[PDB]
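For reference, the chain that follows is the form deposited in one PDB entry, supplied as structure tokens.
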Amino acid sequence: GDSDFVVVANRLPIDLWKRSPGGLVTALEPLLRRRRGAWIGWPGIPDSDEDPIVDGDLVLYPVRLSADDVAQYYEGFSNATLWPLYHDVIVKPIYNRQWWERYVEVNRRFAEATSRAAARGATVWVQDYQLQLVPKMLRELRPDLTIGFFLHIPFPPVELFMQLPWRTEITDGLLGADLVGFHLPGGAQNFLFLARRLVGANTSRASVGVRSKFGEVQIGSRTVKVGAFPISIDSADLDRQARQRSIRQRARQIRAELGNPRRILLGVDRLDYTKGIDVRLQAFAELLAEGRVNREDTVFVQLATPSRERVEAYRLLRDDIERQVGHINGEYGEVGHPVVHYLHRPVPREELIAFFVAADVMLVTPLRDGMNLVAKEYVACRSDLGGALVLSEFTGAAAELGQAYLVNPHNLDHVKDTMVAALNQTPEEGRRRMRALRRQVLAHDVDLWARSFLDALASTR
């Protein structure tokens, strides 16, 4: 092809077709202004053409997938084998050979599309868990390419990873890259250990730094760089948007519609068993029972965005959460006044930002999360320095957002203590924490993340 910079991801950065706002595609904008860039991904419609589509500063290469392909490669292998395994087997992974075989076939198809688009000596950046075979497949097809890979979800400990019948094929797949990145040093170090134990490769033994002090795996003639690059958001843009009059007006209206509570707790999550929504609800219920939260002036809003309905674990999870909601309101609410407001639906960006601005306490309590950008978005939105962030230790975000109220979500007593603390914090203490969190998030944004990964990758040449 004629592209010297190519992004490979499960989906094209579009929706219907119009280019999707924000995210990775926006972070890379100034690079695309200096490169001949291309994006390889599934257009999100079944059995479509693979004809390249010129869309501004990108050429888009659509990967043809059937509904059956999506069911077995994505809904299957990716979301019901890899996802639960990598997230500390919160639910039991399903090991299915037909899913594996389709995952291989689809990965090869992404690899072929990438080669089709990539010019000689081009830099290629492959994204996430659904495409872990692509780097090896691409290097075999195109040994001239410089290949980076970034995993957006946790990389599990070796004791769990080893369950995968195709553990070696996945590992070799990743080792096809010149640079393998994770959010956290822990993931990088697990990968180094896996390389030694499973593949018998020689690796570096030192701790892995943040955006520095990289690890190495020796694979015959070449070296694989291994690093930690924690993702972030466009902090400055969110900070700007949350200041808009219409957003502030909507935040006031939200509080009014809730019957002007003294305190609003807020949860915002893609519905997933990794997110610890059940833990929040349990803690809230027990605090109400104990009279430690005032049922007359405190309300919990949980916004769950629909996710992966075709996967049974997610339907069962939705059932459990919805029971908790009904139960808590039946026990502690009044007619015309729930203590929990729960919505299961997509939330427009402007509405989400209004909720961040309205919320006195942000509850981000995942059991295991790669990063969790919601936590960072909340911080960026609170330029008024109001609010409080309650944050699980088991998110990548906790390594950076140490001034938040950190919790072990498995320690329910301390989750409860912490929610009371956040709800009753002095104005000054809340400001101290939020100022410190904002200093971190404003300085460590998605631009820094992307430049750091690309600088590390370029250095492998």
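Take the two forms, find the largest set of C-alpha atoms that superpose within 1.5 Å, and that set is the rigid core. Throughout, we count residues from 1 along the sequence that is shown.
Another form exists, deposited in another entry; not displayed. Remarks below refer to it.
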query	finding
From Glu429, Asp417, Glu50, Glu393, residue displaced between this form and the one not shown - CA threshold 2 Å or more, rigid core	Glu50
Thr26 C-alpha shift between this form and the one not shown of 2 Å or more, rigid core reference	yes
Large Cα move at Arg451 between this form and the one not shown, threshold 2 Å, rigid core	no
Exceeds or equals 2 Å, Cα of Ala38 between this form and the one not shown, core fit	yes
In that other deposited form, whether the C-alpha atoms of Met371 and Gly23 sit closer or farther than here (change of 3 Å or more)	closer
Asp447 and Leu31, C-alpha gap in that other deposited form relative to this structure (3 Å or more)	closer
